[PDB]
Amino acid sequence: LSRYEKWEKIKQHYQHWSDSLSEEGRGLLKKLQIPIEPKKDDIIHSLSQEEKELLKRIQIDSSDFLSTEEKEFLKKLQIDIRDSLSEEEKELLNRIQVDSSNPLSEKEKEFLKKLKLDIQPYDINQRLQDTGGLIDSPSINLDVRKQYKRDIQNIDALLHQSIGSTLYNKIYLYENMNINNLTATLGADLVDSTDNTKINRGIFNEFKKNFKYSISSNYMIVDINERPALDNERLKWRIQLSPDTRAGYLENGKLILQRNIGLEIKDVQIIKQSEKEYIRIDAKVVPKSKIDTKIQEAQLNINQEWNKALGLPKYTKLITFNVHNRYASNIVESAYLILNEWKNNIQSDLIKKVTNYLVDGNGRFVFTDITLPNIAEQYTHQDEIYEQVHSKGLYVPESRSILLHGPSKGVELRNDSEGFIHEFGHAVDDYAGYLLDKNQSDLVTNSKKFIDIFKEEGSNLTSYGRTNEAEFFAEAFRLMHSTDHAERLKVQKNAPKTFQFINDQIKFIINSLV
């Protein structure tokens, strides 16, 4: 009631709390709000001459294991490295990335895999979001892992004062959000292709359809009064807190809320602000446990549903929903769609045989909104942090699992179903090689036959198909099972030796005896 009035009231409620903050608890909240960024100087200085030259040339955007932010920071490093080369050199040494696509050299990936460790910012809210709160996951340096733990414990203890039974229902809190923070997929096609000031009604129904609940595993920083959207801020959350939600007052009319809260999506509409269309999200704070309960129930249902269809013992734990972030209900809902597309597009006998092979190794299909290095099915078989990978999808042979990360975007994929089919291609590759040699299991694509076929047809299909034999097989396998016939034909057409090689590996799997 009165924007300035609302502000003043909330501030006063928290006034004593703010006055009691130590210079330590006050520096902590500042660190939480403004993460400590790596110094570009320090980084470049730590490199040797050869590494500088490598970093200088390397096709940064070619890496499939780096976030945009990490790709970008690295590109500034690249500029500074050449920030002392002729204009022509600079224009030339960058005007070839146009027709540039070269899955990096092994020696390039190794270098970047290690450099990625040195370019991380100290970001408490990101750590929590990336791990879904599972802050002991061995996805970062032990020493840094412990500092995060301490800061987080320290911040949890500061945020002890509830909003109160007087204010909760008397105030809405706000949050602007970039759609790409929940769905990088819908995000790049949910703003009307033609008129950017509008929302595509088709997608919006998509988005909305399955948006029932959301979790915050980090500390939401919310505005006491709604703020005009910035650039890519097409989501405008209107949040109602529970009488017992803990928070702290932040200068400039903001609140930091306690981590691990649950939210119930009450209404989602398309609304108009300053002549542009925005998506309004009305949410209500509820206990996380009440949402974790919906998730565990959805997990049990999907497994019982599939254990029957795939004829496995009912109690079989095949599917895991490792869900902790703000687009939670979508990840759950998405898994149903994906497994349906998978079944509607691949011979039932291929599905059963391969899925049984995974099950025999205690494999899983992991649908998640936390980064892949934090999924035990990967990390328990990858001690070296530099070899751990975050990406749209992953197949881990050692654990016979498929990991599929919801929020990210895969290379030239239309949807998550397709990422899944590609991952299943990896599993098919594994099983086939196994069938040929149970006494020395190896991947079919490691066969001399396929290797020669790769050296010949390896570049005929997707750019991503060129990365290596394994991926080429997975990409052909995916395309051979697309929902669009044209794609299925181009493989048989443009890559007949591969097509026949896969169909032959499919036939072999189907024919083998139990």
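Residues carry their position along the shown sequence, with the first being 1. In this text, the rigid core denotes the largest set of C-alpha atoms whose superposition between the two forms falls within 1.5 Å.
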Outlying stretch relative to shown form, 68-76 versus 231-239 in 9 other deposited structures of this protein, C-alpha RMS (core): 68-76
Between 54-62 and 31-39, larger RMS Cα displacement in 9 other deposited structures of this protein after core fit: 54-62
Absent coordinates for residue 103 in a third or more of other compared entries: yes
Test item: residue 408 lacks coordinates in at least a third of other entries: no
Between the two ranges 30-38 and 51-59, the one averaging a larger CA B factor in the entry: 51-59
Between the two ranges 466-474 and 482-490, the one averaging a larger CA B factor in the entry: 482-490
Top Cα B factor in the deposited entry, candidates 136, 130, 430, 108: 108
C-alpha B-factor winner, where the candidates are 325, 273, 299, 382: 273
Position of residue 407 among the chain's modelled residues by C-alpha B-factor, lowest, middle or highest third: lowest
Ranked C-alpha temperature factor of residue 349 among modelled chain residues, by third: middle
CA B-factor ranking of residue 182, expressed as a third of its chain: middle
Third of the chain's Cα B-factor distribution that residue 16 belongs to, per the entry: middle
Ranked against its chain, the third holding the CA B-factor of residue 306: middle
